[PDB]
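Okay, structure first, notes after.
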Amino acid sequence: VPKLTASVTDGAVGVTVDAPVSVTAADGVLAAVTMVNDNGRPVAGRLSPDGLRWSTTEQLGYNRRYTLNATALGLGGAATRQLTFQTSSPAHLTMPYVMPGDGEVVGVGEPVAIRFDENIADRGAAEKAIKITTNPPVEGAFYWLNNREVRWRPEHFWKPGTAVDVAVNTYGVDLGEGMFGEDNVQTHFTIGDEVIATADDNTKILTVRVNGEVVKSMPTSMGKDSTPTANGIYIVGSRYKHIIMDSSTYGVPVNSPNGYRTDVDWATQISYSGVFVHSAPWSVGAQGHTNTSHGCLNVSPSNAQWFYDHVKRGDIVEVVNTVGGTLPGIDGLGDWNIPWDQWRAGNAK
Ligand code: NA
């Protein structure tokens with residue numbers, strides 16, 4: 001007599017939709033399989049050529065009730081089952097967003113970033129749902145900067161030519177306190193040339209190195225003693241032909257002593273706290289000699305444009321020997337300032 005198996009049991013509740021629903025016939029073949037929702041709408045599925053396995057072919061829905069009818073035939077006899085089950089009903093939904101973009105070529109400092117639009121009560125579940133693939137394979141780990149964003153990077157800077165695949169399979173996954181993922185995301189990026197630029201407060205020079213060779217030496221003016229540029233490793237972020245810098249976006253009023261509202265050209269972002277490489281005609285004389293800025297690396301127009309043209313997202317800017325501290329690891333572009341052993345251990349709780 002044919003036997004029927006299913007990936008769900010009749011009367012089940014909280015069936016997660018991260019996996020498809022299957023039905024298997026033993027000692028026989030599947031003659032008919034149908035699955036409809038509470039409204040009577042049929043679900044897409046495909047039967048295997050051998051007739052032994054049937055699986056849904058489209059993702060299932062939240063807060064739904066599904067009814068499954070299966071018939072199995074064989075030389076001996078026939079068997080029919082009806083199964084109804086309710087999927088999980090999330091309390092809230094959160095959509096993930098992944099950087100860098102699909103197909104992008106990025107520098108050796110670009111981490112993998114998964115940002116959610118809600119606080120994540122169960123970080124371990126989120127890390128479990130994210131699969132990272134590297135070629136050549138290299139060790140990495142997760143670390144959380146705030147409650148909504150997590151990062152993945154190796155111990156050392158990426159090796160150029162490394163392929164990276166990010167599968168955020170959070171759909172159907174309970175991320176804590178009834179917070180389920182809105183969808184799945186799949187992005188892929190590649191590591192380009194090694195580009196490391198160093199800013200030494202002693203020489204007041206920003207040197208750009210491509211694959212270990214000096215290609216540009218830029219005299220610069222960094223943060224003055226009152227508002228210094230922090231030392232450490234910076235990841236290059238967004239680039240702007242021109243951008244109005246407003247201190248108020250960082251909580252500093254414009255009318256305050258340290259506030260400002262200045263329009264600059266050829267601005268490359270290297271920290272979330274507002275540190276940029278940008279064109280500063282007004283300080284070309286100070287550049288290479290004294291620090292006079294709020295934190296940004298002031299350089300000449302031609303050098304700023306050159307930086308814009310030859311530096312890509314993920315490249316590195318390291319600052320040393322300034323009177324400031326060290327760029328916070330939680331900044332958003334300061335991932336590499338966290339010691340490896342701390343990063344490796346993670347903060348999943
Ligand atoms: Na329902």
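Naming works like this for the structure tokens: A, B, ... for the chains as they're shown, residue 1 at the start of each chain, ligands 1 onward in shown order.
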If you run DSSP on the backbone here, which positions in stretch 117-252 of chain A get strand (DSSP E)? Please write them as a ChimeraX atom specification. /A:130-135,140-144,149-154,163-168,179-181,185-191,195-200,205-210,213-219,232-235,239-246
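Restricting the atom set to only C-alpha atoms and all ligand atoms, one finds that the residues within 8 Å of ligand 1 amount to residues 38, 63, 64, 65, 86 and 87 of chain A.
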Could you save those same residues with N, CA and C atoms as a PDB file, in the first residue's frame?
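The resulting file, out31.pdb, is shown below:
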```pdb
ATOM      1  N   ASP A  38      -6.158  30.048   2.150  1.00  0.00           N
ATOM      2  CA  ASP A  38      -7.468  30.274   2.749  1.00  0.00           C
ATOM      3  C   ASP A  38      -8.465  30.818   1.735  1.00  0.00           C
ATOM      4  N   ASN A  63       1.060  34.511   7.647  1.00  0.00           N
ATOM      5  CA  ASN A  63      -0.306  34.619   8.156  1.00  0.00           C
ATOM      6  C   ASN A  63      -1.307  34.025   7.171  1.00  0.00           C
ATOM      7  N   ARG A  64      -0.945  32.886   6.587  1.00  0.00           N
ATOM      8  CA  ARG A  64      -1.806  32.163   5.667  1.00  0.00           C
ATOM      9  C   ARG A  64      -2.183  30.814   6.265  1.00  0.00           C
ATOM     10  N   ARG A  65      -3.269  30.251   5.745  1.00  0.00           N
ATOM     11  CA  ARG A  65      -3.697  28.891   6.051  1.00  0.00           C
ATOM     12  C   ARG A  65      -3.748  28.131   4.734  1.00  0.00           C
ATOM     13  N   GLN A  86      -1.155  26.363   9.310  1.00  0.00           N
ATOM     14  CA  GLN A  86      -1.055  27.815   9.357  1.00  0.00           C
ATOM     15  C   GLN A  86       0.410  28.221   9.425  1.00  0.00           C
ATOM     16  N   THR A  87       0.803  29.153   8.563  1.00  0.00           N
ATOM     17  CA  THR A  87       2.163  29.662   8.578  1.00  0.00           C
ATOM     18  C   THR A  87       2.332  30.680   9.704  1.00  0.00           C
TER      19      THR A  87
END
```
Extract, using only C-alpha atoms, all DNA, RNA and protein residues at most 12 Å from stretch 251-253 of chain A, discarding same-chain residues fewer than 5 positions from it, and format them as a PyMOL selection string. chain A and resi 245-246+258-261+273-274+294
Let's have the selection written as a compact mmCIF listing (two decimals), in the first residue's frame, with N, CA, C and O atoms.
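Output below, filename part.txt:
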```
# COMPACT_ATOMS: atom_id res chain seq x y z
N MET A 245 28.58 70.56 2.73
CA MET A 245 28.85 70.00 4.04
C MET A 245 28.15 70.84 5.09
O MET A 245 28.43 72.04 5.23
N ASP A 246 27.23 70.22 5.83
CA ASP A 246 26.46 70.88 6.87
C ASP A 246 26.74 70.17 8.19
O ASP A 246 26.44 68.98 8.33
N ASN A 258 31.91 75.25 16.52
CA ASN A 258 32.47 74.24 15.63
C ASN A 258 31.57 73.93 14.44
O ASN A 258 31.90 73.04 13.65
N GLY A 259 30.45 74.63 14.29
CA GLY A 259 29.57 74.40 13.17
C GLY A 259 30.09 75.02 11.89
O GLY A 259 31.05 75.79 11.88
N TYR A 260 29.43 74.68 10.79
CA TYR A 260 29.85 75.16 9.48
C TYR A 260 28.83 74.75 8.44
O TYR A 260 28.06 73.81 8.63
N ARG A 261 28.83 75.49 7.33
CA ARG A 261 28.03 75.14 6.16
C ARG A 261 28.82 75.61 4.94
O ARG A 261 28.75 76.79 4.57
N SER A 273 31.47 60.12 10.52
CA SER A 273 31.49 61.30 11.37
C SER A 273 31.81 62.58 10.60
O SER A 273 31.91 63.65 11.23
N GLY A 274 31.97 62.52 9.29
CA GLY A 274 32.14 63.70 8.47
C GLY A 274 33.53 63.97 7.94
O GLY A 274 33.77 65.07 7.42
N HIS A 294 38.25 71.34 10.24
CA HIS A 294 37.41 70.71 11.25
C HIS A 294 37.61 69.21 11.34
O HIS A 294 37.07 68.58 12.27
```
Nearest to residue A:49 by atom-to-atom distance, counting only C-alpha atoms, from A:104, A:31, A:328, A:226: A:31
What's around residue A:200 at 8 Å? Count only C-alpha atoms, leave out sequence neighbours fewer than 4 positions away in its own chain, and write the answer as an MDAnalysis selection string. chainID A and resid 204:206 319:322
Mind writing the picked residues with N, CA and C atoms as a short mmCIF file (atom, residue, chain, number, x, y, z; two decimals), in the first residue's frame?
```cif
data_model
loop_
_atom_site.label_atom_id
_atom_site.label_comp_id
_atom_site.auth_asym_id
_atom_site.auth_seq_id
_atom_site.Cartn_x
_atom_site.Cartn_y
_atom_site.Cartn_z
N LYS A 204 52.60 66.13 7.02
CA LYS A 204 51.41 66.79 6.48
C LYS A 204 51.23 66.45 5.00
N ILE A 205 51.55 65.21 4.64
CA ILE A 205 51.48 64.73 3.27
C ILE A 205 50.53 63.54 3.21
N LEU A 206 49.63 63.55 2.22
CA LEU A 206 48.76 62.41 1.93
C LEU A 206 49.32 61.70 0.70
N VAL A 319 45.51 57.35 8.77
CA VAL A 319 46.01 58.59 9.34
C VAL A 319 46.82 58.25 10.59
N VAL A 320 47.99 58.89 10.72
CA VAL A 320 48.92 58.58 11.80
C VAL A 320 49.54 59.86 12.34
N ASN A 321 49.89 59.82 13.62
CA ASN A 321 50.69 60.85 14.29
C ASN A 321 49.96 62.17 14.46
N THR A 322 48.63 62.16 14.43
CA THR A 322 47.86 63.36 14.73
C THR A 322 47.64 63.47 16.24
#
```
Fewer than 6 positions away in the same chain doesn't count, so skip those; otherwise give me all residues within 12 Å of residue A:242, counting only C-alpha atoms, as number ranges by chain. A: 262-269, 276-280, 301, 304-305, 308
For those residues, write N, CA and C atoms to a file as a PDB file, in the first residue's frame.
```pdb
ATOM      1  N   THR A 262      29.568  74.693   4.336  1.00  0.00           N
ATOM      2  CA  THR A 262      30.486  75.024   3.258  1.00  0.00           C
ATOM      3  C   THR A 262      30.289  74.066   2.093  1.00  0.00           C
ATOM      4  N   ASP A 263      30.274  74.621   0.885  1.00  0.00           N
ATOM      5  CA  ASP A 263      30.137  73.847  -0.341  1.00  0.00           C
ATOM      6  C   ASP A 263      31.524  73.582  -0.914  1.00  0.00           C
ATOM      7  N   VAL A 264      31.841  72.306  -1.131  1.00  0.00           N
ATOM      8  CA  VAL A 264      33.164  71.895  -1.575  1.00  0.00           C
ATOM      9  C   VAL A 264      33.032  71.045  -2.831  1.00  0.00           C
ATOM     10  N   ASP A 265      34.143  70.933  -3.554  1.00  0.00           N
ATOM     11  CA  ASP A 265      34.238  70.122  -4.755  1.00  0.00           C
ATOM     12  C   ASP A 265      35.063  68.871  -4.478  1.00  0.00           C
ATOM     13  N   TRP A 266      34.828  67.848  -5.294  1.00  0.00           N
ATOM     14  CA  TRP A 266      35.635  66.630  -5.306  1.00  0.00           C
ATOM     15  C   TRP A 266      35.822  66.072  -3.896  1.00  0.00           C
ATOM     16  N   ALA A 267      34.701  65.742  -3.265  1.00  0.00           N
ATOM     17  CA  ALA A 267      34.690  65.256  -1.892  1.00  0.00           C
ATOM     18  C   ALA A 267      34.555  63.738  -1.888  1.00  0.00           C
ATOM     19  N   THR A 268      35.519  63.062  -1.266  1.00  0.00           N
ATOM     20  CA  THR A 268      35.461  61.622  -1.043  1.00  0.00           C
ATOM     21  C   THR A 268      35.279  61.371   0.448  1.00  0.00           C
ATOM     22  N   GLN A 269      34.179  60.710   0.804  1.00  0.00           N
ATOM     23  CA  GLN A 269      33.874  60.389   2.192  1.00  0.00           C
ATOM     24  C   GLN A 269      34.741  59.235   2.670  1.00  0.00           C
ATOM     25  N   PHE A 276      36.299  63.883   5.274  1.00  0.00           N
ATOM     26  CA  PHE A 276      36.362  63.770   3.828  1.00  0.00           C
ATOM     27  C   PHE A 276      37.750  64.147   3.325  1.00  0.00           C
ATOM     28  N   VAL A 277      38.043  63.713   2.102  1.00  0.00           N
ATOM     29  CA  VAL A 277      39.091  64.294   1.271  1.00  0.00           C
ATOM     30  C   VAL A 277      38.393  65.179   0.248  1.00  0.00           C
ATOM     31  N   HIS A 278      38.720  66.472   0.229  1.00  0.00           N
ATOM     32  CA  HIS A 278      38.002  67.392  -0.641  1.00  0.00           C
ATOM     33  C   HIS A 278      38.907  68.536  -1.080  1.00  0.00           C
ATOM     34  N   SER A 279      38.436  69.257  -2.099  1.00  0.00           N
ATOM     35  CA  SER A 279      39.157  70.414  -2.618  1.00  0.00           C
ATOM     36  C   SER A 279      39.011  71.587  -1.661  1.00  0.00           C
ATOM     37  N   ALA A 280      40.137  72.199  -1.304  1.00  0.00           N
ATOM     38  CA  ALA A 280      40.160  73.331  -0.378  1.00  0.00           C
ATOM     39  C   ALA A 280      41.096  74.393  -0.927  1.00  0.00           C
ATOM     40  N   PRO A 301      42.591  71.565  -5.328  1.00  0.00           N
ATOM     41  CA  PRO A 301      41.561  71.098  -6.273  1.00  0.00           C
ATOM     42  C   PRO A 301      42.033  69.962  -7.169  1.00  0.00           C
ATOM     43  N   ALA A 304      42.378  66.858  -5.180  1.00  0.00           N
ATOM     44  CA  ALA A 304      41.074  66.349  -4.767  1.00  0.00           C
ATOM     45  C   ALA A 304      40.369  65.657  -5.928  1.00  0.00           C
ATOM     46  N   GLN A 305      40.383  66.283  -7.108  1.00  0.00           N
ATOM     47  CA  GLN A 305      39.794  65.647  -8.283  1.00  0.00           C
ATOM     48  C   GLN A 305      40.533  64.363  -8.636  1.00  0.00           C
ATOM     49  N   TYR A 308      39.316  61.774  -6.364  1.00  0.00           N
ATOM     50  CA  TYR A 308      37.996  61.376  -6.841  1.00  0.00           C
ATOM     51  C   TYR A 308      38.096  60.425  -8.026  1.00  0.00           C
TER      52      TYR A 308
END
```
With only C-alpha atoms as the counted atoms, please give the residues lying no more than 8 Å from stretch 180-194 of chain A, apart from itself and same-chain residues fewer than 4 positions off, as a ChimeraX atom specification. /A:90-98,100-108,158-176,209-212,315
Output N, CA and C atoms for every residue in the selection just made, as a short mmCIF file (atom, residue, chain, number, x, y, z; two decimals), in the first residue's frame.
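Generated file (selection.cif):
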```cif
data_model
loop_
_atom_site.label_atom_id
_atom_site.label_comp_id
_atom_site.auth_asym_id
_atom_site.auth_seq_id
_atom_site.Cartn_x
_atom_site.Cartn_y
_atom_site.Cartn_z
N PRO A 90 4.01 36.99 11.57
CA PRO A 90 4.98 37.87 12.22
C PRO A 90 4.32 39.04 12.93
N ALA A 91 4.99 39.51 13.99
CA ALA A 91 4.58 40.75 14.65
C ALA A 91 5.08 41.97 13.88
N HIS A 92 6.25 41.87 13.26
CA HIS A 92 6.81 42.98 12.50
C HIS A 92 7.67 42.41 11.39
N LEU A 93 7.92 43.24 10.37
CA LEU A 93 8.74 42.87 9.23
C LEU A 93 9.94 43.80 9.14
N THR A 94 11.06 43.25 8.69
CA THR A 94 12.29 44.01 8.50
C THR A 94 12.93 43.62 7.18
N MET A 95 13.27 44.61 6.36
CA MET A 95 13.90 44.37 5.07
C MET A 95 15.40 44.58 5.18
N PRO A 96 16.22 43.67 4.68
CA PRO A 96 17.67 43.90 4.69
C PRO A 96 18.15 44.65 3.45
N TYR A 97 19.28 45.32 3.62
CA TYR A 97 19.93 46.07 2.55
C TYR A 97 21.42 45.74 2.62
N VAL A 98 22.02 45.38 1.48
CA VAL A 98 23.39 44.89 1.45
C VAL A 98 24.24 45.82 0.60
N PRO A 100 28.55 46.10 -0.66
CA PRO A 100 28.47 46.93 -1.87
C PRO A 100 27.42 46.41 -2.85
N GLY A 101 27.18 47.18 -3.91
CA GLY A 101 26.16 46.82 -4.86
C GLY A 101 26.54 45.61 -5.70
N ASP A 102 25.53 45.02 -6.33
CA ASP A 102 25.72 43.84 -7.16
C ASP A 102 26.59 44.18 -8.36
N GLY A 103 27.70 43.46 -8.51
CA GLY A 103 28.62 43.67 -9.61
C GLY A 103 29.70 44.69 -9.36
N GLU A 104 29.65 45.41 -8.25
CA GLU A 104 30.64 46.45 -7.98
C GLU A 104 32.03 45.86 -7.84
N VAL A 105 33.03 46.67 -8.21
CA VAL A 105 34.44 46.38 -7.95
C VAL A 105 34.89 47.36 -6.87
N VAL A 106 35.42 46.83 -5.77
CA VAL A 106 35.70 47.62 -4.58
C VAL A 106 37.13 47.37 -4.11
N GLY A 107 37.63 48.30 -3.31
CA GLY A 107 38.97 48.22 -2.78
C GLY A 107 39.13 47.13 -1.74
N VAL A 108 40.37 47.00 -1.26
CA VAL A 108 40.73 45.91 -0.36
C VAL A 108 40.21 46.10 1.06
N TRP A 158 41.36 42.46 2.07
CA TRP A 158 41.11 41.50 1.01
C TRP A 158 42.32 41.37 0.10
N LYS A 159 42.51 40.18 -0.45
CA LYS A 159 43.47 39.98 -1.52
C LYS A 159 42.83 40.38 -2.85
N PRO A 160 43.45 41.25 -3.64
CA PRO A 160 42.84 41.64 -4.92
C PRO A 160 42.50 40.43 -5.77
N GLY A 161 41.38 40.53 -6.49
CA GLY A 161 40.89 39.43 -7.29
C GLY A 161 39.96 38.48 -6.57
N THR A 162 39.62 38.76 -5.31
CA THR A 162 38.77 37.87 -4.53
C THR A 162 37.30 38.10 -4.88
N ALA A 163 36.59 37.01 -5.18
CA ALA A 163 35.16 37.06 -5.42
C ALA A 163 34.40 36.85 -4.12
N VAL A 164 33.31 37.59 -3.95
CA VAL A 164 32.53 37.55 -2.72
C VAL A 164 31.06 37.42 -3.08
N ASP A 165 30.38 36.46 -2.45
CA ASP A 165 28.96 36.22 -2.66
C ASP A 165 28.23 36.31 -1.33
N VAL A 166 27.15 37.08 -1.29
CA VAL A 166 26.40 37.34 -0.07
C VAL A 166 24.97 36.89 -0.30
N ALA A 167 24.54 35.86 0.42
CA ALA A 167 23.17 35.36 0.37
C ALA A 167 22.51 35.65 1.71
N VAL A 168 21.61 36.61 1.74
CA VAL A 168 20.87 36.97 2.95
C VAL A 168 19.51 36.29 2.83
N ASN A 169 19.42 35.09 3.39
CA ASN A 169 18.20 34.29 3.31
C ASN A 169 17.42 34.45 4.62
N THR A 170 16.83 35.64 4.76
CA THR A 170 16.09 36.01 5.96
C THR A 170 14.59 35.86 5.81
N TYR A 171 14.09 35.55 4.62
CA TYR A 171 12.65 35.38 4.45
C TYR A 171 12.19 34.12 5.17
N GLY A 172 11.16 34.25 5.99
CA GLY A 172 10.67 33.15 6.79
C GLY A 172 11.40 32.93 8.09
N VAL A 173 12.46 33.69 8.36
CA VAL A 173 13.30 33.50 9.53
C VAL A 173 12.84 34.45 10.63
N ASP A 174 12.60 33.90 11.82
CA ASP A 174 12.25 34.71 12.98
C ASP A 174 13.53 35.34 13.52
N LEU A 175 13.62 36.67 13.42
CA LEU A 175 14.79 37.40 13.88
C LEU A 175 14.62 37.94 15.30
N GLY A 176 13.63 37.45 16.03
CA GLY A 176 13.46 37.77 17.44
C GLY A 176 12.25 38.66 17.67
N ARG A 209 49.11 55.13 -2.61
CA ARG A 209 49.89 53.99 -3.09
C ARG A 209 48.97 53.00 -3.78
N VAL A 210 49.33 52.63 -5.01
CA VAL A 210 48.59 51.64 -5.79
C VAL A 210 49.49 50.43 -5.95
N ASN A 211 49.06 49.30 -5.38
CA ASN A 211 49.81 48.05 -5.45
C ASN A 211 51.23 48.21 -4.92
N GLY A 212 51.40 49.08 -3.92
CA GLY A 212 52.68 49.27 -3.27
C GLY A 212 53.56 50.36 -3.84
N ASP A 315 38.64 51.41 -0.95
CA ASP A 315 40.04 51.77 -0.77
C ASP A 315 40.24 52.30 0.65
#
```
Pick from A:317, A:311, A:348, A:68, whichever lies nearest to residue A:232 using only C-alpha atoms: A:317
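Residues in contact with residue A:54 at 9 Å, where only C-alpha atoms are counted and same-chain residues fewer than 6 positions away are skipped, are listed as residues 21, 22, 23, 24, 25, 30, 33, 45, 46, 47 and 48 of chain A.
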Residues of the last selection are to be written out with C-alpha atoms, as an mmCIF file, in the first residue's frame.
```cif
data_model
loop_
_atom_site.group_PDB
_atom_site.id
_atom_site.type_symbol
_atom_site.label_atom_id
_atom_site.label_comp_id
_atom_site.auth_asym_id
_atom_site.auth_seq_id
_atom_site.Cartn_x
_atom_site.Cartn_y
_atom_site.Cartn_z
ATOM 1 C CA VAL A 21 6.578 22.315 1.235
ATOM 2 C CA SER A 22 7.195 18.833 -0.161
ATOM 3 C CA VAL A 23 5.279 15.559 -0.445
ATOM 4 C CA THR A 24 6.824 12.132 -1.022
ATOM 5 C CA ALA A 25 5.166 8.899 -2.148
ATOM 6 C CA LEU A 30 1.908 10.644 -6.805
ATOM 7 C CA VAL A 33 -1.116 17.043 -5.494
ATOM 8 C CA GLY A 45 4.274 23.385 -7.605
ATOM 9 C CA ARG A 46 6.074 20.867 -9.773
ATOM 10 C CA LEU A 47 6.111 17.071 -9.670
ATOM 11 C CA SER A 48 9.314 15.146 -10.296
#
```
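If you look at atom CA of residue A:13 and atom CA of residue A:118, they are 25.3 Å away from each other.
Between atom CA of residue A:58 and atom CA of residue A:8 the interatomic distance comes to 16.4 Å.
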Run DSSP on the backbone and grab whatever in stretch 73-270 of chain A lands in helix (DSSP H, G or I); send it over as a ChimeraX atom specification. /A:123-128,247-250
Nearest to residue A:85 by atom-to-atom distance, counting only C-alpha atoms, from A:26, A:230, A:15, A:323: A:15
